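Trainee: Take a look at the following structure, please.
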Amino acid sequence: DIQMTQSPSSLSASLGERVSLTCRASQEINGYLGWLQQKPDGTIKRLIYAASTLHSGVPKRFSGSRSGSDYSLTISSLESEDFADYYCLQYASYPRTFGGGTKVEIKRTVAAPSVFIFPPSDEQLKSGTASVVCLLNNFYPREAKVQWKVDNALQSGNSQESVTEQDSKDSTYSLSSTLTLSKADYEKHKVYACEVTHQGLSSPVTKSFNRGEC
Amino acid sequence: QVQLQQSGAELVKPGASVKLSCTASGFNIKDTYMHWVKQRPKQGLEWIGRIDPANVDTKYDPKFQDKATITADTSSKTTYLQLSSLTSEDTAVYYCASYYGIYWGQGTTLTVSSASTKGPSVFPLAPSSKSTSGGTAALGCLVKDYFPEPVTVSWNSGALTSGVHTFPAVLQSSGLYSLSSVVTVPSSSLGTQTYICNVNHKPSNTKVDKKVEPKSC
């Protein structure tokens, strides 16, 4: 079974940038490779077939190349609607194999995150569960770091981060980190802090509150 | 135009089997034969197998043999992806593609879980923490312990769109889902504007509205 090694995995480019994606074959698939694209939310579209043959209607800013085992997809002018996922599909032999895929995101200047922290509601505590959330709004690049600390005690394996998709308008990101304790544990701790680390911040900022049920 | 119709979202229990369909409009399976691909949540595309009804041929990647079964009804221009002995590992999205992958269908979501349809529990992510108006504030709604997906979160019945962030759902250890819809609002409005989150969850037929107000927390 021929294996397609796609690279890179992630790529951040600016509008009008010339980008190139590569996919190397283990075995000689000689010409039998296609390029696909999956727009956010699901839609998949066949861009190129036969390594360099563009599907009718596919913009001329897309082209396919081959250098030995390496097959490349190249986009001349990176237009906004090119923010999607690309995969190389081998079809020389069965089974058909894909490439890991490349996620091309929009590049922009470093945006320091806006941080907020929310204590659990009284009504929730009544049901035992105590959820705590830390919101990091509109930041970039996506690489963040939320260290939950209760009474300075670093927390682990008790929080779930969730990242919003890059905003169309300003290309920023948003992250929600939810900490989950039990009304028992929760009520036995006072200070609940959230420490965020981002390259857009000189020092790791922290937001906290004291357990004072209101 | 000519496209690929795919079956609806499926929610099955671990152990059973499923049968997904894909119908072609215009072009038939004889000429444009089908491919079935899988894609686990936030992962890559995995080729499962394919069928060439004309030659009564069927291919499968070694990892799907026996576990997946593709059959095509010539008259209906419909192939069928059959998946047996389902486990959590099967929860994913499956797409059908025709000959040469010219056309791809919208994909059907399969969810394998032991859990059941449960309405969400909406809680307020109250503002005014270490503050009292002034500058920019943030509030939202915590939509937790619901199944299956998804939930639709509107703000003020669709009136407030700017600054709203409805994060992707997070699967919890209990097998239930949870998410948050935070909203960035001016701090000055915190007592002169009512913010309501309209959470809807069709599967349970739940429709709730949670009012988030400032608290000196």
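Protein chains in written order, with the authors' numbering: chain L, 1 to 214; chain H, 1 to 52, 52A, 53 to 216. Just so you know, even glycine gets a beta-carbon here, dropped at the ideal spot from N, CA and C.
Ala-137(H) touches chain L at which residues, Cβ-Cβ below 9 Å?
Mentor: By Cβ distance, chain L contributes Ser-114, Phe-116, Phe-118, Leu-135 and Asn-137.
Trainee: In angstroms with no decimal places, state the Cα-to-Cα distance between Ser-172(H) and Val-12(H).
Mentor: So the two alpha carbons sit approximately 18 Å from each other.
Trainee: Would you mind sorting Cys-216(H) into buried or exposed? The rule is 16 or more other CB atoms within 10 Å of its CB.
Mentor: The residue in question, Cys-216(H), is buried, as its Cβ has 16 or more Cβ neighbours within 10 Å.
Trainee: Could you tell me which of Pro-61(H), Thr-193(H), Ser-97(H) and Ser-87(H) sits nearest to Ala-125(H), measuring between CA atoms?
Mentor: Closest by alpha carbon: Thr-193(H).
Trainee: Going straight from the alpha carbon of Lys-76(H) to that of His-164(H), what length do you get?
Mentor: So the two alpha carbons sit approximately 42 Å from each other.
Trainee: When Cβ atoms are compared, which residues of the stretch 40-62 of chain L fall closer than 9 Å to chain H?
Mentor: Within the stretch 40-62 of chain L, the qualifying residues are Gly-42, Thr-43, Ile-44, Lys-45, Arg-46, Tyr-49 and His-55.
Trainee: Three Cβ pairs or more, each shorter than 8 Å: is that satisfied between the stretch 84-97 of chain H and the stretch 31-50 of chain H?
Mentor: Yes, the stretch 84-97 of chain H is in contact with the stretch 31-50 of chain H.
Trainee: Is it right to say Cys-88(L) is buried, meaning 16 or more other beta carbons lie within 10 angstroms of its own, or is it exposed?
Mentor: By the 10 Å Cβ count, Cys-88(L) comes out buried.
Trainee: Closer than 8 Å is the cut-off here; do at least three beta carbon pairs connect the stretch 175-184 of chain H with the stretch 146-162 of chain H?
Mentor: Yes, the stretch 175-184 of chain H touches the stretch 146-162 of chain H.
Trainee: Using a C-beta to C-beta distance shorter than 7 Å, which residues of chain H count as neighbours of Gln-160(L)?
Mentor: Ordered by position in chain H, the residues that pass the 7 Å Cβ test against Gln-160(L) are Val-169.
Trainee: Hey, quick one: how far does the beta strand (DSSP E) through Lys-210(H) stretch, first residue to last?
Mentor: Note, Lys-210(H): beta strand (DSSP E), 205-211.
Trainee: For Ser-159(L), collect the residues of the same chain with a Cβ closer than 8 Å to its Cβ; drop the 5 residues on either side in sequence, then sort them by chain order.
Mentor: Answer for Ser-159(L): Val-146, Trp-148, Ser-177, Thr-178, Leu-179 and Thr-180, listed in chain order.
Trainee: Who does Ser-75(H) pair with in a DSSP beta bridge?
Mentor: Looking at the DSSP assignment, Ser-75(H) forms no beta bridge with any residue, so it has no partner.
Trainee: Please check if any C-beta of chain H sits within less than 7 Å of the C-beta of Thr-206(L).
Mentor: Taking Cβ atoms only, chain H never reaches closer than 7 Å to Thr-206(L), which makes this a no.
Trainee: Please name the residues in the stretch 85-105 of chain L whose beta-carbon is closer than 7 Å to at least one beta-carbon of chain H, in chain order.
Mentor: For the stretch 85-105 of chain L, which is checked against every Cβ of chain H, the residues closer than 7 Å are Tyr-87, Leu-89, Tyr-94, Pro-95, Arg-96, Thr-97, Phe-98, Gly-100 and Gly-101.
Trainee: Please classify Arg-18(L) as buried or exposed, where buried requires at least 16 other C-beta atoms within 10 Å of its C-beta.
Mentor: Looking at its Cβ environment, which holds fewer than 16 other Cβ atoms inside 10 Å, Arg-18(L) is exposed.
Trainee: For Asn-158(L), which of helix, strand or coil comes out of DSSP?
Mentor: Three-state DSSP puts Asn-158(L) in coil, outside helix and strand.
Trainee: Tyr-186(L) lies in the alpha helix (DSSP H); which residues open and close that run?
Mentor: 183-186 is the span of the alpha helix (DSSP H), which, as asked, contains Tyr-186(L).
Trainee: Do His-200(H) and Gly-139(H) have their C-beta atoms within less than 7 Å of each other?
Mentor: Not closer than 7 Å, so no.
Trainee: Report the rounded CA-to-CA distance for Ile-29(L) versus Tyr-91(L), giving the unit in angstroms.
Mentor: So the two alpha carbons sit approximately 7 Å from each other.
Trainee: Interface residues of chain L around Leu-124(H) at Cβ under 7 Å?
Mentor: Those are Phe-118 and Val-133, listed as they occur along chain L.
Trainee: Any C-beta of chain L sitting closer than 7 Å to the C-beta of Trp-103(H)?
Mentor: Judged by the 7 Å Cβ criterion, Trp-103(H) is in contact with chain L.
Trainee: Looking at chain L, which residues of the stretch 83-104 of chain H have a Cβ within less than 7 Å of any of its Cβ atoms?
Mentor: Listed by position along the chain: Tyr-94, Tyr-99, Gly-100, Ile-101 and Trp-103.
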